[PDB]
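Right, one structure below, let's go through it.
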Amino acid sequence: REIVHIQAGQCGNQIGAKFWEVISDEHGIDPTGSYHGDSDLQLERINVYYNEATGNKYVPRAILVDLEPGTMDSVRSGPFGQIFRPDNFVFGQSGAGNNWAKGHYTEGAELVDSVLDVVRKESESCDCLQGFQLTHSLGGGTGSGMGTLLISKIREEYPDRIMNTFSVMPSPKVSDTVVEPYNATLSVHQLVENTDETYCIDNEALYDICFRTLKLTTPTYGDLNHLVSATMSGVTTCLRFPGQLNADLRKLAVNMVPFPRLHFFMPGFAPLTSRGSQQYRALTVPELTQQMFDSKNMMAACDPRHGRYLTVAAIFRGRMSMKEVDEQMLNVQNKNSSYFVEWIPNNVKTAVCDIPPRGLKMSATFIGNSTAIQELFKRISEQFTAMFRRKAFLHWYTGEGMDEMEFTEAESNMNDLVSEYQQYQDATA
Amino acid sequence: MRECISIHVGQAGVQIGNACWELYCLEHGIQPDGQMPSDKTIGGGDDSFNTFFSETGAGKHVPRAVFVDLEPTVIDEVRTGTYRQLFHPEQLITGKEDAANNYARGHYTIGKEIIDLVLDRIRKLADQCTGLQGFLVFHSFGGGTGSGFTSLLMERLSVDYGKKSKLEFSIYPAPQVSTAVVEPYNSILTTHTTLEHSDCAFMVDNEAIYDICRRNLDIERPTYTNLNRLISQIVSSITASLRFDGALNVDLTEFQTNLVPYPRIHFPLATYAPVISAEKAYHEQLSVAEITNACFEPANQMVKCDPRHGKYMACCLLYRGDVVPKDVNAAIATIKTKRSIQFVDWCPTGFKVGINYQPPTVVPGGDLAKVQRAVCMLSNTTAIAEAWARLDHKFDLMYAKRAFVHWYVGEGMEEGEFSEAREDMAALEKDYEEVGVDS
Amino acid sequence: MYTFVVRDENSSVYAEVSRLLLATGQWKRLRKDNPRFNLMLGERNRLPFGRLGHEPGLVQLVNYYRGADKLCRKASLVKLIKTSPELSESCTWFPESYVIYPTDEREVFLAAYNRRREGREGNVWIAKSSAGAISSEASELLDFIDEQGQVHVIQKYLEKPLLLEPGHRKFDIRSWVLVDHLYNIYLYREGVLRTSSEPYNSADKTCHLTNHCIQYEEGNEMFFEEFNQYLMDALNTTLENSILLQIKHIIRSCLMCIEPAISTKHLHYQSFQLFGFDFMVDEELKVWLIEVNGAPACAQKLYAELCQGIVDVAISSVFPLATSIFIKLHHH
Amino acid sequence: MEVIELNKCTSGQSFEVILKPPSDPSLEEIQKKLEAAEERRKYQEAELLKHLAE
Ligand SMILES: CC[C@]1(O)C[C@@H]2CN(CCc3c([nH]c4ccccc34)[C@@](C(=O)OC)(c3cc4c(cc3OC)N(C)[C@H]3[C@@](O)(C(=O)OC)[C@H](OC(C)=O)[C@]5(CC)C=CCN6CC[C@]43[C@@H]65)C2)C1
Ligand SMILES: CC[C@@H](/C=C(/C)[C@@H]1C[C@@H](OC)C[C@H](O)C(C)(C)[C@@]2(O)O[C@@H](C[C@H](OC)[C@@H](O)C(=O)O1)C[C@@H](OC)[C@@H]2O)CO
Ligand SMILES: C/C(=C\c1csc(C)n1)[C@H]1C[C@H]2O[C@H]2CCC[C@@H](C)[C@H](O)[C@@H](C)C(=O)C(C)(C)[C@@H](O)CC(=O)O1
Ligand SMILES: Nc1nc2c(ncn2[C@@H]2O[C@H](COP(=O)(O)OP(=O)(O)OP(=O)(O)O)[C@@H](O)[C@H]2O)c(=O)[nH]1
Ligand SMILES: Nc1ncnc2c1ncn2[C@@H]1O[C@H](COP(=O)(O)OP(=O)(O)CP(=O)(O)O)[C@@H](O)[C@H]1O
Ligand SMILES: COc1cc2c(c(OC)c1OC)-c1ccc(OC)c(=O)cc1[C@@H](NC(C)=O)CC2
Ligand SMILES: Nc1nc2c(ncn2[C@@H]2O[C@H](COP(=O)(O)OP(=O)(O)O)[C@@H](O)[C@H]2O)c(=O)[nH]1
Ligand SMILES: [Ca+2]
Ligand SMILES: [Mg+2]
Ligand SMILES: [Mg+2]
């Protein structure tokens, strides 16, 4: 039932805020936490993400963390910034300097217990807490280093709850900072061991979509983040709205993750169409379905045609006949059955929800668990070793007390993870 | 007076259960508040419907039923439905966290904490019985609760209620009818450990029920409500012997007596006819010969398989409505000649026939048209092994890679339980092959 | 487009058909254990029929009829002809035969042996089974069935066959029949004669068995065109009048008999199958059924056309893609 | 084709038409299997909490 949400660092707080902004609009909540909705379908499951305060006020079950105040003020002074519980702001002053070691071991060490206190206070207010969700980037210092420290501490207090993260991978196409492959590799190591489900949101993929597909010549984080919030709303539809699915996070993990370490998901969203003459066409289910599976629509920069899907979850939203959706989804599998492993029968599932996202008559959200995600970890691995071969920029991390061995076993873990994906790409029945 | 207690486990069992009790009430004249004006014995009585309903001093007729689910969503419906006033709160049992489509979680982790409470509520009902003959248990194969908890319950029921009969109504998984990818695991796990603890199991393939709805009822995308109201007709005609004055199958033990020669091969096939659509205004009335015939066409069976390539060990024809014996023998005379009905050489080639003069009831506003006569055929044929072979193959594909296996091991089940269940299924398949082969 | 999988590697005929399918650019082969297939060219034995027709959204068709083995097993054919009322134990085109176990008919066979030996009649019998690729004494045949741990059929040996001249040689006739998913019975216009180069001597196991395995004309095979001219010149008759009417009639009676048992009308998957019928022709131009083959090979010359015919009426009939070498044997 | 065992009642009748002649564990056991599963679970939890303490 209840989910506790944590956003850490600049990126995590940025996309975390847009997420609450978007789903608040869907559930008919205004920026002061009052309900102004029509359908009651919007309150059926409102308690999943919102706490009910005195006076018919719904407040997000959200914890906001950062090692510097800047983004705290930014969120607090924005649209839907007043909706958040004021106790649930936990920030420092030092900042992490895009340094994983500062977030994970030195500066974050002091703030971490304050966060666990708010986490603990929210968990005890839950009827039956099902688990946690974290938004953060892997390329920085706070969301990457301190976000993973939070995951580790939270898992130790709630060892049987589901742990789920929306994790933004770094790309040289978007960001300037040379040490990002270092931060990401240390983070991936923590994620393979302490999360149950991780959505891989690749800034490299988000950039190609905005630049190539959407024709945005000067992409901003606001553009990228509006893709992320749309996808985050889509993948959480079946938690926040009733209908045909009696599903929570654990059931999703059980049916999406056939092997413990292989829990990194490839997300996608339809529709995506550049401005503007095509923005007025009516979307048909056949078109939604082809777009959803198109490699160029994927939100992790990896070619799904290079590998195989272990499992797929697809969710459609809006007014549409389920018969059309059924036929179309079966068409994709029957006509391209070599891209789905045959040792997992009937391994693509569909859910349809009546309420559509704001601004769209229809939409589809894609959750793919594909062996091709290895391309993402290979890319980060290449950048890592090019630098680590010569111990370049290592002093920023050893000056915080870290050893070289810790880097060696992080790259080691990621290389094995790559190997594991490769072995089911060639596994046959 | 011999009573029967129904236990409904998991979403499927509770929703199918809700459909059955609604149908029973329409069939006996019991209203949604528990009163039946046609009952002249207030507070008691030794009538046939009393094997499924107890009576309160106030004149209310309570179902002899128990509802269990490990999460309250589905049972809350029953708690607020048309027939909420007919149940006691003590008959509705809900947890807070479900089995997550995970057998090991339903059987071992969550099951351990709730089994004694369920047994205590069942015990309360058995105490109100003077001649309790056994249990009818409804549950899916694929659910974590339906597979995992039902198994624990069956094992327990043998202990506390040894020698009492246990009958099963089981929903066989079908991708058509929304299936999780691990339902093949749950199905083999629960069949293996329940096999020794039920005396007769009525399997319903969601794929078969789905096609009847689309083909005969003209329903583009059947809902659970469509599936569940059709399943209710079959259950109602199977149990109609226990709830009505009759002579065929008056006691649960007669089901195995009449239908299960071999203990392990206790899965009779159900065929039902006619399924006519209520929208259809014409309503051409079929003869007993026509509907008897339909029982031998594959498209009317509860499991998709081909009985022409198997052997029968028992066959029962259960008619409802406007049916005279003279017509039945005449139909069997014909059916024999124009049909391939091979019995095993150790059993006699014959048919047990029951006739209930009361015709099938329909839920007002359902999808089925009211008919003058209907048949439900129960046959123990080896053709049903086809459903086990399908299921075992899907199991093997995943198990060869140990896919999803860690979810069950992490709940405290040991990996060995998998291959022990699979070997049992291999044996069950050898059993069917031996009973109906000749080369 | 459409998808198919190959599960019998050895099939010379379906090895060919799958090449025509690929040649259309509208079919694709997908491994063996992948279940999202439109067509399954299945294996000879233990074909998992129970797995077909269950994949959502896939019209599945298979190249074998579940149940047609009853017609294609020596032992079961003899039992089917005698027990089925539409064929009768007096069926005038099947040689007298009995099933003998090394249900048994060894007591009934000996009764029909002394009834003939006493009657002073030709009593040459052939004995065979379904595990192999002729005598006048019962004491010599029954001890043979015992030295072989397999069930055998003892069938009356056709003592007075029709012989070809020049050569005074024996032969049999092979007909190819195709049954589609609608149970149309299609007879392939072209047949083959399995000739024996060795002259026939009714008093040596080469001039009696005519199949190509044991062995004038190339490949000991004569085609209908030639055999037709021979009947015209030698006997003043035609192939259609004196032989093909009986062949057409035998083929209908056998397949019409088992249709209620094997028909896939109203089944969740569809079936078709190519059969081989083996016939004998005696001195009086009477045709005898020898055996029915469920997995026949084809004459090397006739692999095309017949295989192209299989895709035309059997496969493309249910999966249409963007003359007639068959004779529709009208039935029902 | 013979008819036998004809029973006639108020709400129907029954009979048999013949065509051709013919030619457990204890409560202890269960609770030991359940407690054993609880053992393996607790052992796994200890391996996780131990690895996290490191
Ligand atoms: C989505 C957030 C983003 O706005 C994305 C880009 C970068 N930054 C901020 C804004 C920005 C951009 N360019 C800037 C130049 C000066 C100051 C600021 C900018 C941005 C753009 O043009 O649209 C707004 C941009 C940036 C780049 C950018 C594209 C881009 O917008 C299209 N490139 C992908 C890289 C780049 O390194 C590259 O690989 O070549 C294409 C690229 O190189 C060249 C020769 O263009 C370039 C351009 C300054 C060079 C050196 C540093 N790298 C980092 C990323 C890259 C840039 C957009 C963050
Ligand atoms: C589905 C498995 C795995 C790859 C395959 C095989 C998928 C199949 C289907 O996916 C929508 C494509 C579909 O059948 C079409 C051909 C009609 C189509 O939509 O293809 C895309 C081009 C796409 O480029 C990426 C293609 O290469 C691709 O992704 O193919 C536009 C256009 O091309 C002509 C065409 O309209 C992706 O999950
Ligand atoms: C493609 C879209 C809609 C659409 C497709 S066909 C139709 C009638 N409408 C949606 C997609 C939404 O998921 C959200 C992400 C889109 C990002 C945009 C905000 C983007 O930054 C911007 C440049 C745009 O593309 C538009 C503002 C033109 C946007 O309205 C169209 C779009 O992509 O939104
Ligand atoms: N016919 C029918 N099948 C159902 C129904 N509900 C679920 N099923 C089927 O049962 C399987 C899922 O089992 P459920 O009963 O939903 O699960 P559960 O017993 O609640 O188990 P958990 O939720 O995992 O604890 C799937 O194959 C569904 O298609 C129903 O009302 N009718
Ligand atoms: N009843 C019979 N009378 C006379 N000759 C017979 C006969 N049955 C079989 N033969 C001869 O034996 C040959 C083999 O026929 P049989 O039915 O045994 O085939 P087979 O299964 O052994 C090999 P194939 O499948 O290639 O025909 C025939 O071609 C014929 O020459
Ligand atoms: C709460 O949200 C979801 C929860 C689940 C699923 C899912 O995808 C449809 C969701 O997101 C829409 C789901 C996913 C994948 C499956 O197989 C890969 C499966 O068998 C099964 C499922 C779900 N069950 C069904 C029948 O779809 C249960 C878990
Ligand atoms: N998609 C997206 N990525 C962001 C955003 N802000 C920062 N990033 C990325 O996050 C990484 C830097 O981490 P950041 O969150 O700034 O650092 P932190 O505050 O120390 O956690 C780089 O790869 C940035 O491109 C944002 O709003 N959206
Ligand atoms: Ca009474
Ligand atoms: Mg920053
Ligand atoms: Mg449930």
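FYI the Cβ positions are ideal-geometry reconstructions off the backbone, even for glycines, and counts take in every protein chain you see. No lab work stands behind these numbers, since they all come straight from the coordinates.
Cross-link partners of B:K280 among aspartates and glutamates, defined as those whose alpha carbon lies under 14 angstrom from its own and excluding same-chain residues fewer than eight positions apart: B:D218, B:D367.
Each of B:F138, B:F296 was scored by other Cβ atoms within 10 Å of its Cβ. Listed from fewest to most, they are B:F296, B:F138.
Shown here for region A:246-326: trypsin sites (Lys or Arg not before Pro) in loop regions (DSSP other than H, G, I, E, B) with at most 12 other Cβ atoms within 10 Å, namely A:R275, A:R281, A:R319.
Here, chain B has an Rg and a Dmax of 21.0, 65 Å when only alpha carbons are counted. With neighbours defined as other Cβ atoms within 10 Å of a residue's Cβ, the residues B:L119, A:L206 order from fewest to most as B:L119, A:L206. Given their separation in residues at 0.36 nm each and the Cα-Cα distance between them, A:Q278 and A:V178 gain 32.1 nm when the chain is fully extended.
Calculated on the alpha-carbon coordinates, the convex hull of region A:143-257 measures out at 129 cubic angstrom per residue.
Model label points for C:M256 and C:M232, set 7 angstrom from Cα along the Cα-to-Cβ axis, are 3.1 nm apart.
Gyration tensor over the Cα atoms of region B:107-201: the corresponding equivalent ellipsoid has semi-axes (square roots of 5 times the eigenvalues, largest first) of 25, 15, 11 Å. Relative to its Kirkwood radius, the Cα radius of gyration of region B:384-437 gives an Rg/Rh of 1.06. Of the trypsin sites (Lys or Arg not before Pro) found in region B:32-110, the ones in coil according to DSSP and having at most 14 other Cβ atoms within 10 Å of their Cβ are B:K40, B:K96. Here chain D is described by how far its Cα atoms reach on the three principal axes: 81, 37, 23 Å, from widest to narrowest. In the protein assembly as shown, the alpha-carbon atoms span a convex hull of 217 Å³ per residue.
Look at the stretch B:6-12: the mean tally of other chain Cβ atoms within 10 Å of its residues' Cβ atoms is 0. Semi-axis lengths, largest first, of the ellipsoid equivalent to region B:269-383 are 26, 16, 12 Å, with √(5λ) applied to each eigenvalue of the Cα gyration tensor. Over what distance in Å are the Cα centres of region C:71-89 and region A:163-205 separated? Computed from Cα coordinates, the inter-centre distance equals 72 Å. With a Förster radius of 45 Å applied to the C-beta separation of D:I18 and C:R29, the computed FRET efficiency comes to 0.30. Set the Förster distance to 60 Å, then compute FRET efficiency between A:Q425 and C:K286 from the Cβ-Cβ distance, nearest 0.05. So the FRET efficiency works out to roughly 0.40.
Counting only DSSP beta bridges whose two residues both lie in chain C, roughly 80 percent are antiparallel. Longer than 23 Å from Cα to Cα, which of C:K160/C:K328; B:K304/C:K28; C:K79/C:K156; A:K296/A:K335 are they? Say none if no pair is. Exceeds cut-off: C:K160/C:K328; B:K304/C:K28.
Alpha carbon centre of region B:230-277 versus region C:137-162: separation in Å? One Cα centre to the other: 51 Å. A Förster radius of 60 Å, combined with the Cβ-Cβ distance separating A:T217 from B:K40, puts the computed FRET efficiency at roughly 0.10.
Taking label positions 7 Å along the Cα-Cβ direction at both C:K328 and C:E159, the computed distance is 4.6 nm, reported to one decimal.
Of all DSSP beta bridges located in region B:1-268, what percent are antiparallel, nearest 5? That works out to approximately 10 percent antiparallel. Spin-label model, C:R19 to B:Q372: label points 7 Å out along the Cα-to-beta-carbon direction sit 6.3 nm apart. Is any residue of region A:389-429 close enough, with backbone N under 15 Å, to a label point placed 7 angstrom from the Cα of A:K378 along the Cα-Cβ axis, and if so, which? Residues A:415-426 qualify, since their backbone N sits under 15 Å from the label point.
Of all DSSP beta bridges confined to region B:48-179, the antiparallel ones make up roughly 25%. Among the listed pairs A:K323/B:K352; A:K251/A:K361; C:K74/C:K301, which are separated by more than 32 Å between their Cα atoms? As for pairs spanning more than 32 Å Cα to Cα, those are A:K323/B:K352.
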